[PDB]
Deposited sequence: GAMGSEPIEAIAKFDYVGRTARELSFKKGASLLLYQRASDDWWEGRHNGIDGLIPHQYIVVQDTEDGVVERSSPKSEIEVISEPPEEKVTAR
């Protein structure tokens, strides 16, 4: 399952160093849903966090990436 394409529907200015900043209409790539409000993604070659409320996500497809990783998933394997 490739990373999920999204487009910014509003401007966003990141508040911390972990967050992406982007303008309405920005092409975004989404690796993984982190929580209800947040995705891990990428904008213009930079990895960072993306607020869900500011984007529209392309769904012609995967649930693995669009749902947060579960505890049982994480703890079933050693850490990297």
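Student: Where does the model skip over parts of the deposited sequence?
Tutor: In the chain as deposited, 1-4, 66-67, 87-92 carry no coordinates.
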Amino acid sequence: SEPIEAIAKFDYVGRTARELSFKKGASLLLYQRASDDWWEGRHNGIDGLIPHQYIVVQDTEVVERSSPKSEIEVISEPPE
From here on, numbers count along this sequence of modelled residues.
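Student: Mind pulling up the entry and telling me whether 18-26 or 63-71 has the higher mean Cα temperature factor?
Tutor: Going by the record's values, the stretch with the higher mean is 63-71.
Student: Lowest, middle or highest third: where is residue 44 by C-alpha B factor in its chain?
Tutor: Its C-alpha B-factor belongs to the highest third of this chain's values.
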